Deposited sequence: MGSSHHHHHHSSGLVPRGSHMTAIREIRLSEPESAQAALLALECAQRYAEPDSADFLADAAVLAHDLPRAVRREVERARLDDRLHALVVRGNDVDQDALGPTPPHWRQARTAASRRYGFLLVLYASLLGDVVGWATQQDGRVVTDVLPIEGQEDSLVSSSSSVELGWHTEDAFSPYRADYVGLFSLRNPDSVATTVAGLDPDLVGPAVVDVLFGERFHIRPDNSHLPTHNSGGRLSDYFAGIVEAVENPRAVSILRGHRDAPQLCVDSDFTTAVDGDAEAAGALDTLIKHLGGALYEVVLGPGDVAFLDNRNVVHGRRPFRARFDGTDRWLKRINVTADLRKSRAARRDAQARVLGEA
């Protein structure tokens, strides 16, 4: 049966907005995704993305009302929609690399992730990430167990705002779990300003920090080298004091040269977020949208077998304002940031 509710974390009373699909809602969503897979080339082909926001209107009405409430909740951490259909037998094995993960059997889950995403905003990708795919793949890769990227397993994916260095960073990160037999978590933390010295909060609102791109990441790429070598002075907190946005990377953020007070405030924040991390586990057919304006996220160490049974998610970036990134996109309809 259909249900939805608010799951608090610390003082964040709407931290998690949880929706449980009824069996009929799960079937309705699956039928729409399967129809899209019959009519359109790819989950991120131009033909589909031109239509995706209107096709998303055919998702179950009760679900659409709850997603719309989440979209306008400026204190949201994670929207979680549980109980989508995943046919494990038909899906087949977890591929051994994202380069082999855009499979025919998994297309219907990419389509469904884009349909849910398109209720929140417009889907985008990154030229430097998984060949500029909008629907990307999160799965463990043999030989990258001890890497700083989403294909890690043995070593914690360090928490960060997604693409923290970039003015074009996503408003939401979406994750559609295809399988997760060992219940491996995404880590999540937001700032509780009532747990931090107001003077530290004041410092974090100042343009007193450098956020550099991961090595992961032409006038755009001229800006990417300038971002490593001559990083702009940016704030970590921005907006209304009652609902500040957060932008920080635990591995790639420093205070401006000689700003010892900023260095102090940054390390106070890093210790606070480190201590406030909680977990969201997505079972097969569970989809999460993290509000990238409000939370950092990462992933816990886990034990990959590399036998075709490993954890596998589809991943997407969503922007509230596609138009604002036009300088960094190839043409009006292109969704790949840094393509031109």
property: Stretches with no C-alpha position, numbering per deposited sequence from 1; result: 1-8, 226-235
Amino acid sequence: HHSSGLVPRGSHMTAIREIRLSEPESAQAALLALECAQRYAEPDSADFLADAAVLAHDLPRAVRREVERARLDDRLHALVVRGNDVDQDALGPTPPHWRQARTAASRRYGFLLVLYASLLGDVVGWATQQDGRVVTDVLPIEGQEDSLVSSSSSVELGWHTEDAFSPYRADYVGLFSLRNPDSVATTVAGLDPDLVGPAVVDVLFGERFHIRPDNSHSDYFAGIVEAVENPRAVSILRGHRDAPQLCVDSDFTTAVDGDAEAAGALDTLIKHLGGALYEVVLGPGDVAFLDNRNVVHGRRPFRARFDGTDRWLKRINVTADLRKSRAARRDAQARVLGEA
From here on, numbers count along this sequence of modelled residues.
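For clarity, a rigid core is taken as the largest C-alpha set superposing within 1.5 Å between two forms.
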property	result
Divergent stretch in 4 other deposited structures of this protein, 179-187 or 229-237 [C-alpha RMS, superposed by the core]	229-237
Segment of greater CA departure in 4 other deposited structures of this protein, 204-212 or 117-125, core superposed	204-212
Greater mean Cα temperature factor according to the PDB record, 237-245 or 206-214	206-214
Residue stretch of maximal mean CA temperature factor, 103-111 vs 154-162	154-162
From 169, 77, 71, 232, residue of greatest CA B-factor	232
Largest Cα B-factor, entry values, listed residues 57, 65, 303, 315	303
Assigned third (lowest, middle, highest) for the C-alpha B factor of residue 11	highest
Residue 222 by Cα B-factor - lowest, middle or highest third of the modelled chain	highest
Among modelled residues of the same chain, the CA temperature factor third for residue 284	lowest
Residue 330 - which third its CA temperature factor falls in, relative to the rest of the chain	highest
Entry-reported Cα temperature factor of residue 292, expressed as the chain third it lands in	lowest
